[PDB]
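**Q** here is the input, now give the coordinates:
(10 chains, ligands or ions: 2)
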Amino acid sequence: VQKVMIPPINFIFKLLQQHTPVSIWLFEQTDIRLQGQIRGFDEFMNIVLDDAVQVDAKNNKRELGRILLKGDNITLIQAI
Amino acid sequence: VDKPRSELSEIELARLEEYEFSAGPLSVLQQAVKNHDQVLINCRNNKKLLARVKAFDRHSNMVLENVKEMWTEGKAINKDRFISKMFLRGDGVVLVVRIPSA
Amino acid sequence: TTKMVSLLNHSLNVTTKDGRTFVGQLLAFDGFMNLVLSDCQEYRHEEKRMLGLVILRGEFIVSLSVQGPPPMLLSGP
Amino acid sequence: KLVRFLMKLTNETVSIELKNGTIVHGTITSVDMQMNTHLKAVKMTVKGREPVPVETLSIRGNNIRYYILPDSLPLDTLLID
Amino acid sequence: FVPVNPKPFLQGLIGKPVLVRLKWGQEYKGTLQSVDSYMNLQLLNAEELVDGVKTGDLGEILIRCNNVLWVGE
Amino acid sequence: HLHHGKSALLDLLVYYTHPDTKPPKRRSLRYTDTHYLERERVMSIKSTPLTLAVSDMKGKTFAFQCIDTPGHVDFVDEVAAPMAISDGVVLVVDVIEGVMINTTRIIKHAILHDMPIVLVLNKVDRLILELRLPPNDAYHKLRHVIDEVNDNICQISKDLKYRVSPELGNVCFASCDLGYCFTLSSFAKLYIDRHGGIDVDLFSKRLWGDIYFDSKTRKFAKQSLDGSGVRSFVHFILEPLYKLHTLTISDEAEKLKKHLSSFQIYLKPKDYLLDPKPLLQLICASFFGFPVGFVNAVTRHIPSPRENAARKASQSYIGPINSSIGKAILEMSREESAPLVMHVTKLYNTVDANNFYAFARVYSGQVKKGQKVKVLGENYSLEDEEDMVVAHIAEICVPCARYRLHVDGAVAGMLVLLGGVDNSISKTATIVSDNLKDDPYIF
Amino acid sequence: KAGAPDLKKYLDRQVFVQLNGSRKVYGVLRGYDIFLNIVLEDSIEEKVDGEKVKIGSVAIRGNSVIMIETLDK
Amino acid sequence: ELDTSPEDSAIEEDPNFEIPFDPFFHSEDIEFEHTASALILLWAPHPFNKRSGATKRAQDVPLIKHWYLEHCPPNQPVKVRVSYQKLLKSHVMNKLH
Amino acid sequence: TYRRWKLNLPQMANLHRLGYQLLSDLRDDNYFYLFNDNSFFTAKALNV
Amino acid sequence: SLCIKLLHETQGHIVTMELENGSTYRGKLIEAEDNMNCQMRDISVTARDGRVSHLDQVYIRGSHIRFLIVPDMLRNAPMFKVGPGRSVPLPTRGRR
Ligand SMILES: Nc1nc2c(ncn2[C@@H]2O[C@H](COP(=O)(O)OP(=O)(O)OP(=O)(O)O)[C@@H](O)[C@H]2O)c(=O)[nH]1
Ligand SMILES: [Mg+2]
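**A** Numbers count the residues shown, from 1 in each chain, chains lettered A, B, ... in the order given. Ligands and ions are numbered 1, 2, ... in the order given. This is the structure:
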């Protein structure tokens, strides 16, 4: 009746397959947030994003295209 | 080389280490060592370093000689200090830019 | 790291990344140089605080120095 | 390895810039492969603070910013393995 | 559909002009030609776009791995 | 039971805590015997208490107040009496001999008295070196012994609280002669430390009955259709143990040396040229260090005295719980103002048979030497107030079998030997402080 | 080498996570990694003012996790 | 009586449980070439279960002491039984003092 | 001086095989129940 | 290592620890790991400014620890010699 445990790597793999857009947070930049569709990751979860947009507190969305985000900065991963 | 797999033993790790220099970005250190080119350093405390580079480590640990180190900060006033020889831990390096001697 | 063993039971003052200073007697250290200090006093800028037995993390430590020496034939024809 | 260059040189006077901005000046006793430096008869000058002398002191490897080395060492031979 | 891993992504980008962003608000534009496994990179004829404005030219660049925030374009 | 190895279990800890002691020439150490008669018959006759500090699986050090007991049938005094002032029973069962009549009696009386039981399957090495059973049949023998113990438990109370099985961490496999006593979790941790990061509890819970490991899929099947896999316990525990024993015994110096070098266990060259049994002991002491599995199992499955105060008061004490003395017993208060309540169930001979030491568990309050206490007999009550005897407390000691530690005072939850108060005590007695509220009761 | 953190008792329970930079996230813990990377479902974020936004499914990097808290008796 | 055995309870929780490492001694076998003889020697009488000793003198080895330390074989003449008994008596008298 | 010996496993096994007529076959010690030294001392003391 | 051994020794007592924030925690330690992840009970948090709050169950990550104030009577805890391979400081009886 219980539910099995889902490791974070498998969760991010599920996000990769489902093409669910995400909202990545940053290590210390509270205001700066990134959104987009995920495209790749590694064991260190250096995340390769597609159609990346840099959203700020007042929604100053700036297009960045496809970018690679170093894992040292990701604080949080959002599901839409 | 066809071994970036990152699962290696000591001899192939050393081969990959030497290739990380011979073609990697740290290759800039070798021709700076052999050409005795001017190299400018940006430290993580907003420091400017320019000097000859003599030897470097994979960690970017660098031995420098004849260093001209400047810093700016009353009103913003730029000041300079020349020191003979340096051992700089590659931990604090942000950037290197070479001034060609030629 | 053999020299580090020579500092056992000595009185040490350790400057931290915060900037404080802990003074006390060393009990045991670590490979990451986690320190165990007995009868520890705190130097917060100077203010005095009794702490007691304190385990410092390796990251927290910046520098350390000693302040005191460690507390201390049969016959013939 | 290059940290070996550190241990191959010993008991010379060296000024040291730590991580926080403090300057210490003294002769090294022994340094480690892991960059733990041991200093004797040194002059500890904390940033913005009055200089204070201590008989010995040791620094963690992550706190070393750079070294002020003397002019009396055969560096070319010193660098050889 | 086809996922692209970080290292294949960047090695399939060697020689292209890119905008790398540091952890602290500085963006550098230039072309890269060589990278090792630790994802620290080298640029050629690069320029710093501080606050989005072109100030000076630096030439070739080597950035340490930890300073960078993202790489793009 | 008799000669199942319960004194060797305590010798295993004594060898580690007391570096001075050395094994005898022609027999076992048999620490906690301490009687020339018992050294003559080579069997325990008296229940000698032993207090020593042992180390937990993680590094924590506890203070085990273990009481050794005889295994002979006629000496069940020294099991029933000391058990009334203990929190649990560690049952040592020989795997070769199996469950015997005294083991059945001990199990019945422990479950009847609500006593948690920790099972130690001793003399495992006799399955490898004497009986020469194959690993699978050895597993079957171990399982049968555990099932017999569980049956003996079920004959009294079918509660699931008293159920011994390795996956609960309640059963330790030991060979006290060779000097090892591990559990599922201890051996699992000994894998984990070597081979990286995997949760010890999850790994250890999958090392028992008919859970099969598939060497190609690296997964735990359930039935292993045909011969796909071998039993997890045998694959991961018994086979490595057998191979360790055989490498030591079978005179393979180079192979054993290489395997120990892989574990960073380094022996002097003169050590490989030893007698087979001391070489086995050396290898097992280097491979399996302190018996941390037994300590961890005891600490986890036997309540601490503070936690067991309520159960002890409900079972042993006969007076009203709501009274001040009953509240003091329940809280196990240690302050001086609290009443002093202790239960003496045993008397022990001095080195010369002149005076007796009373073996007491301090249920509440504090005690200092020279204190005035009032001794209550076996049938002291409001009807019979003439069983009271006023006595002083000459000396308080912490027992260690072959020596004593003298303490100026003791606190609640401690088992101590009292000198100077033995004349009024026959069999058992209750000791309470004289300056105390009215109406004292006896255990 | 590394070691698996003990978080089996925290699974499938309403939890509060404190991230770096004065962040705070609700949620039900659903998984964890060696480096304490945690996974949350139907979670809720707190802001400095105090109003709660539904934040959703969350996969926190273990580097930034300060504390993990349960509230039940 | 258990509703669900601990076995299915353990397997059912994360049925995809994975451990990469092998058992300790994997390349070896539980029995080597000399294991049988070693076991035979392990439970042998005193001289032959050692592998290390101290070279007693030639006359300090009795070689037949166990013959009369044990019981006398049955169906022997009276003189043999008496010889067994007298030698045992001498040994006992030696051991007593 | 010929004061200490160390033998292999095959050597000890072969010596045990060769001198097989002159060594006991008990390995139990429960065989000597009332026929060991202390019982003999008791019997001598009691004159039985 | 001896320091993590002492930290494990502390479990069950009341230990005060402060993190990289500057807040100090006063509670009963119930679990500890080699990473120095800690589980606590009945915490009385004193903020950096001085605000006092209360917590019931926390799981503090080890990497965010500055130091701990272990109860004093653990000064006499034994510091065992650690061999090369051993990962827990325990009494030894073999070669080393
Ligand atoms: N082969 C083998 N023999 C063992 C082991 N442990 C104990 N023994 C032997 O068991 C016999 C009895 O050991 P004791 O420690 O006196 O057992 P005991 O339970 O204390 O005996 P009692 O006190 O009379 O009940 C001795 O011959 C021990 O050498 C073991 O692990 N393996
Ligand atoms: Mg006994």
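**Q** all strands of chain J, in order?
**A** Using DSSP state E, the strands found in chain J span residues J:14-19, J:24-32, J:38-46, J:52-60, J:65-70.
**Q** what do you get for chain E?
**A** Under DSSP E, chain E gives strands at E:17-22, E:27-35, E:41-50, E:53-63, E:68-72.
**Q** state the phi and psi torsions of whatever residue of chain B ends up closest to ligand 2.
**A** For chain B, the residue closest to ligand 2 is residue B:9, as judged by Cβ to the ion, at 53.7 Å. All C-beta spots, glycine's among them, are computed from the backbone N, C-alpha and C. With angles defined as degrees, to the nearest 10, residue B:9 sits at phi -100, psi -170.
**Q** so which residue is smack in the middle of the chain?
**A** Just going to use chain A. residue A:24 (4.0 Å; Cα atoms, centre = their mean).
**Q** chain G is the one I meant
**A** Nearest to the geometric centre of chain G sits residue G:17, at 3.8 Å (Cα atoms, centre = their mean).
**Q** which one is that residue nearest to, not counting chain neighbours?
**A** Sequence neighbours aside, residue G:25 is the residue nearest to residue G:17 in space, at 4.6 Å (criterion: Cβ to Cβ, 6 or more residues apart in numbering or on different chains).
**Q** quick one, what contacts the residue nearest to the centre of chain G?
**A** Residues counted as contacts of residue G:17 (Cβ atoms under 8 Å, 6 or more residues apart in numbering or on different chains) are G:24, G:25, G:26, G:27, G:38, G:40, G:60, G:65, G:67, G:68, G:69.
**Q** so is stretch J:41-57 next to chain G?
**A** Yes. With Cβ under 8 Å from any Cβ of the partner chain as the measure, stretch J:41-57 is seen reaching chain G through J:55, J:56, J:57.
**Q** ok, the last one touching residue J:31?
**A** If I follow you right, that is residue J:57. No. Contact criterion Cβ atoms under 8 Å: residue J:57 and residue J:31 do not qualify, at 10.8 Å.
**Q** show me the strands in chain A, by range?
**A** So, for chain A - with DSSP E - the strands run A:21-24, A:33-40, A:47-55, A:63-69.
**Q** grab the nearest non-local neighbour of the residue sitting nearest the centre point of chain H.
**A** Centroid check for chain H by Cα atoms, centre = their mean gives residue H:43 as the closest residue, at 2.3 Å. In space, and not counting its chain neighbours, residue H:43 is closest to residue I:27: 4.7 Å by Cβ to Cβ, 6+ apart.
**Q** quick check on residue F:311: phi, psi?
**A** phi -70, psi -40.
**Q** next, find the distance separating it from residue F:344.
**A** Using Cβ to Cβ, to the nearest Å, one gets 20 Å for the distance from residue F:311 to residue F:344.
**Q** cool, and residue E:61?
**A** Distance, residue E:61 to residue F:344, by Cβ to Cβ: 84 Å.
**Q** likewise residue H:97?
**A** For residue H:97, the distance to residue F:344 equals 46 Å [Cβ to Cβ].
**Q** ok, those two, which is more surrounded?
**A** A side-by-side neighbour count of residue H:97 and residue F:344, using other Cβ atoms under 10 Å in any protein chain shown, places residue F:344 first with 25 against 4.
**Q** my guess is that one is in a strand, correct?
**A** Yes. Counting by DSSP: H, G, I helix; E, B strand; the rest coil, one finds residue F:344 located in a strand.
**Q** any bit of stretch F:380-399 sitting next to chain J?
**A** No. Applying Cβ under 8 Å from any Cβ, one finds stretch F:380-399 separated from chain J by no less than 15.8 Å.
**Q** chain center to that stretch, what's the gap?
**A** 30 Å (Cα atoms, centre = their mean, to the nearest Å).
**Q** same question for stretch F:303-313.
**A** 18 Å.
**Q** quick one: buried residues of it?
**A** Buried residues in stretch F:303-313, counting neighbours by 16 or more other Cβ atoms under 10 Å in any protein chain shown, are found at F:305, F:308, F:309, F:312, F:313.
**Q** could you do stretch H:72-84 as well?
**A** Going by neighbour count (16+ other Cβ under 10 Å), the buried part of stretch H:72-84 is residue H:84.
**Q** using CSV, list the CA coordinates for it.
**A** Extracted in CSV, the C-alpha atoms of stretch H:72-84 (Å, rounded to 0.1, in the frame of the first residue of the first chain):
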residue,chain,number,x,y,z
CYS,H,72,43.3,-52.4,29.3
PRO,H,73,42.1,-54.3,26.2
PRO,H,74,39.7,-57.1,27.0
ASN,H,75,40.5,-60.8,27.1
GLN,H,76,44.1,-60.5,28.3
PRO,H,77,46.0,-62.9,30.6
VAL,H,78,46.3,-61.9,34.2
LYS,H,79,50.0,-60.9,34.0
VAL,H,80,49.2,-58.4,31.2
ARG,H,81,46.4,-56.8,33.2
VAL,H,82,48.6,-56.6,36.3
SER,H,83,51.4,-55.0,34.2
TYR,H,84,49.0,-52.4,32.9
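**Q** if we can go back for a sec, and chain F, which of the residues of stretch J:41-57 next to chain G contact it?
**A** Among the residues of stretch J:41-57 next to chain G, proximity to chain F is found for none (Cβ under 8 Å from any Cβ).
**Q** let's have those in JSON lines, adding neighbour count.
**A** Below are these laid out as JSON lines (neighbours: other Cβ atoms under 10 Å in any protein chain shown):
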{"residue": "J:55", "neighbour count": "19"}
{"residue": "J:56", "neighbour count": "14"}
{"residue": "J:57", "neighbour count": "20"}
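**Q** which member of those is positioned nearest chain A?
**A** Proximity of the residues of stretch J:41-57 next to chain G to chain A (Cβ to the nearest Cβ) peaks at residue J:57, which lies at 19.9 Å.
**Q** who does the closest one bridge with?
**A** residue G:70, residue J:41 (DSSP bridges).
**Q** next: residue B:98.
**A** With DSSP bridges as the criterion, residue B:98 is bridged to residue B:39.
**Q** so which residue of chain C comes closest to chain D?
**A** In chain C, the residue that lies nearest chain D is residue C:65 (4.5 Å; Cβ to the nearest Cβ).
**Q** what sits closest to that residue if chain neighbours are left out?
**A** Counting by Cβ to Cβ, 6+ apart, the nearest residue to residue C:65 once its immediate chain neighbours are dropped is residue D:57, at 4.5 Å.
**Q** so what's the one you found up against?
**A** The contact partners of residue D:57, by Cβ under 8 Å, 6+ apart, come to C:63, C:64, C:65, D:24, D:26, D:38, D:39, D:42, D:44.
**Q** narrow these to those in strands?
**A** Going by DSSP E, the strands hold C:63, C:64, C:65, D:24, D:26, D:38, D:39, D:42, D:44 from those.
**Q** the residues you listed into JSON lines, with extra columns for neighbour count?
**A** Conversion of these to JSON lines gives the following (neighbours: other Cβ under 10 Å):
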{"residue": "C:63", "neighbour count": "23"}
{"residue": "C:64", "neighbour count": "24"}
{"residue": "C:65", "neighbour count": "21"}
{"residue": "D:24", "neighbour count": "21"}
{"residue": "D:26", "neighbour count": "21"}
{"residue": "D:38", "neighbour count": "16"}
{"residue": "D:39", "neighbour count": "26"}
{"residue": "D:42", "neighbour count": "23"}
{"residue": "D:44", "neighbour count": "20"}
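**Q** which one of those residues is nearest residue C:77?
**A** Set against residue C:77, the nearest of the ones in strands among the contacts of residue D:57 by Cβ to Cβ is residue D:38 (49.0 Å).
**Q** apart from its chain neighbours, what residue comes closest to that closest one?
**A** Using Cβ to Cβ, 6+ apart and skipping the chain neighbours, the partner closest in space to residue D:38 is residue D:29 (4.4 Å).
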